[PDB]
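This document opens with one chain alone, in structure tokens, the form solved without 16-epi-Vellosimine (EVS).
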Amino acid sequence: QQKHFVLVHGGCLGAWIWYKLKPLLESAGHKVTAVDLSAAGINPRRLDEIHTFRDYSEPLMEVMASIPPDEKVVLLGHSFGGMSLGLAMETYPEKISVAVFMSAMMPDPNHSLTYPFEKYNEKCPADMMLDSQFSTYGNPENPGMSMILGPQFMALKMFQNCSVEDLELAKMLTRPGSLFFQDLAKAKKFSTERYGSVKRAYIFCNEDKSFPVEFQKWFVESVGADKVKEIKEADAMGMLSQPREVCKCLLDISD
């Protein structure tokens, strides 16, 4: 029974983060699409020409639109990748067998699209991103906010359980990104009819220092998932620190 996994990266990363998980899923016999969102990875757009969350997510939407009538996909997204899942879920609910959120923001159709971020801010210190730097971009009447991950933040708070090779790869590949907060503040929210009809799964990364477990648990407790799994020694980048475990969870959740 072949599955088609669509993998979705978080902010400032790209499809390349899945380079270890993708062959493990293909070895198991499945199809995998690892997408670069706009201005991520080797996607040719520049961040300063991306002003909406919809524009940002468009490469995932193109994958979603090209799934044939016979078919469904399994979605996996980490970190801010969860917001793009939510948009795919709202738009193509019938094309998705299960949406898996790994150490990610899991939207709630009862709240606005900013609420997860407001809740983040509420539980996490304003200095949580260490040497990351932020600057406004776009139109001065509604400015966007871009971020670049600092090498210390990445070393200590994202890749602390990964090899130095993976952290190095990351420093060579990471690009400016945005959480699109003021765009999301104006977006229509997801609905129980569409988004809320899709089966959800959650995978905990217990050693994630950028998105603490009490937080991931809050998502599960306040929104709920049909299936939850935990990877005890995954950092924020569980697909790199624990690719076999992620693959094991993903195959359990799907089969």
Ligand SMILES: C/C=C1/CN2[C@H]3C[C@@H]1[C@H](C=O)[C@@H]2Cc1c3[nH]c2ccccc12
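Quick note: we count residues from 1 along the sequence shown, nothing fancier.
Here the subject shifts to the form solved in complex with 16-epi-Vellosimine (EVS), a form of this protein not shown in this document.
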**Message:** Can you tell me which of 93-101, 181-189, 136-144, 77-85 lies within 4.5 Å of 16-epi-Vellosimine (EVS) in the bound PDB entry, counting heavy atoms only?
**Reply:** 77-85
**Asked** Just to confirm, residue 89 within 4.5 Å of 16-epi-Vellosimine (EVS) in the bound PDB entry by heavy atoms?
**Response** no
**Request:** May I ask you to state whether residue 11 is within 4.5 Å of 16-epi-Vellosimine (EVS) in the bound PDB entry, using heavy atom distances?
**Result:** yes
**4.5 Å heavy atom contact, residue 116 to 16-epi-Vellosimine (EVS) in the bound PDB entry** = yes
**Message:** Given that 16-epi-Vellosimine (EVS) is not shown alongside this chain, does residue 210 nevertheless sit within 4.5 Å of it in the bound PDB entry, heavy atom to heavy atom?
**Reply:** yes
**Message:** Residues 105, 120 and 149 are flagged as a possible site; in the bound PDB entry, is every one of them within 4.5 Å of 16-epi-Vellosimine (EVS) by some non-hydrogen atom?
**Reply:** yes
**Asked** Which of 195, 215, 53, 204 has a heavy atom within 4.5 Å of 16-epi-Vellosimine (EVS) in the bound PDB entry?
**Response** 215
**Prompt:** Among 155, 169, 73, 129, which has any heavy atom within 4.5 Å of 16-epi-Vellosimine (EVS) in the bound PDB entry?
**Reply:** 129
